[PDB]
Every structure is written in C-alpha cells, then in structure tokens.
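Data first, discussion second: the structure below is written as structure tokens.
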Amino acid sequence: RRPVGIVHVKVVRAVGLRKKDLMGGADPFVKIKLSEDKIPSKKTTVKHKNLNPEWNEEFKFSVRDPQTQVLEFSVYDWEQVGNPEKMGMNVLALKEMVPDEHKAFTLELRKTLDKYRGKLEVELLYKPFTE
Ligand SMILES: [Cl-]
Ligand code: NI
Ligand code: NI
C-alpha cells in the first residue's frame with residue numbers, strides 16, 4: 001500500500017464534444033479518478049459554452065501499483081441548477097506510463113465501460129521514487 005511514485009496527469013483539451021445545452025453547446029469539466037484509491041476524484045475547471053475546451057490543467061496521484069491501476073476520465077456538463085450530466089468517459093491504464101517521459105494519449109469518449117461523443121486529450125508523466 002506504500003506509493004511507488006507519482007503520476008502527473010495533464011488534461012489538455014477535448015475536441016468535438018456533442019451539443020447538450022439548448023444553447024451554448026456545453027459547459028464541460030472533467031472528473032479524474034484513479035482506481036484502487038480512496039482519494040476523492042479531482043476535477044478541472046468548468047469551461048463555459050465550449051465544445052472544444054482547452055484546459056491544460058495538471059493533477060498528481062500517488063501510484064501504488066503501475067501494473068493494476070487505471071485512471072478514469074469523465075466529461076460532465078455543468079449547470080448551475082441540478083446535477084451535472086455525464087457527457088462521456090474513458091479509461092487509461094497506468095501500465096501505459098513511461099518513467100520520465102511526457103506521453104500523450106487521445107481517448108475517445110464513450111457512454112460506458114453508438115453516437116460519437118468527442119475526444120479527450122491527456123498526458124501522463126510518471127515520476128517513480130528512488131533508492
Ligand atoms: Cl470550476
Ligand atoms: Ni508536472
Ligand atoms: Ni519535462
């Protein structure tokens with residue numbers, strides 16, 4: 001249960017998101033969760049009225065097993081009233097990480113784990129601990 005290293009997750013952008021709101025397209029933010037972890041999920045900022053949001057927002061997670069653990073990204077639409085509705089999601093195993101390399105991925109958004117839902121572009125940088 002002791003952390004092997006730290007993975008730096010950059011949420012870069014989404015491209016081609018579906019229209020969801022009656023006007024303005026969507027107000028997207030991303031939730032990021034790491035499997036086999038009790039840390040509450042992280043989220044990006046809300047981008048208002050943008051189907052091609054650009055975030056470049058960075059998050060850090062403690063890694064306890066690079067072989068087993070997977071990240072889950074979920075794109076939600078913000079509204080002031082009501083619960084955010086999920087627009088799409090996908091998963092990304094940490095066994096695709098590379099130590100000390102920025103590695104970029106394009107995840108197609110899907111309904112669950114069909115209509116096209118856009119792409120999410122992210123980066124991972126794995127910094128393992130030494131000695
Ligand atoms: Cl926000
Ligand atoms: Ni970094
Ligand atoms: Ni660098």
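Structure above, values below:
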{"item": "Dipole magnitude of the chain about its Cα centre (Cβ charges: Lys, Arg +1; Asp, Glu -1), debye to nearest 20", "result": "300 debye"}
{"item": "Residue 65 paired with residue 110, simple spin-label distance in nm, labels 7 Å along Cα-to-beta-carbon", "result": "2.2 nm"}
{"item": "By average C-beta atoms within 10 angstrom, highest first, the peptides 70-78, 50-58", "result": "70-78, 50-58"}
{"item": "Inter-label distance for residue 37 and residue 52, nm, one decimal - labels placed 7 Å from Cα along Cα-to-Cβ", "result": "3.1 nm"}
{"item": "Share of alpha-carbon pairs per 5 Å distance bin for the range 4-131, given as whole %", "result": "2, 11, 22, 23, 18, 12, 7, 3, 1, 0, 0, 0"}
{"item": "Cα centre as origin, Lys/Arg/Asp/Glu Cβ charges: the range 28-96 dipole, Debye", "result": "120 debye"}
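Using ideal geometry, Cβ is built from the backbone for each residue, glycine included, and neighbour counts are taken over all protein chains shown. Every read-out reported here was derived from the displayed coordinates using simple, explicitly stated rules and does not represent laboratory data.
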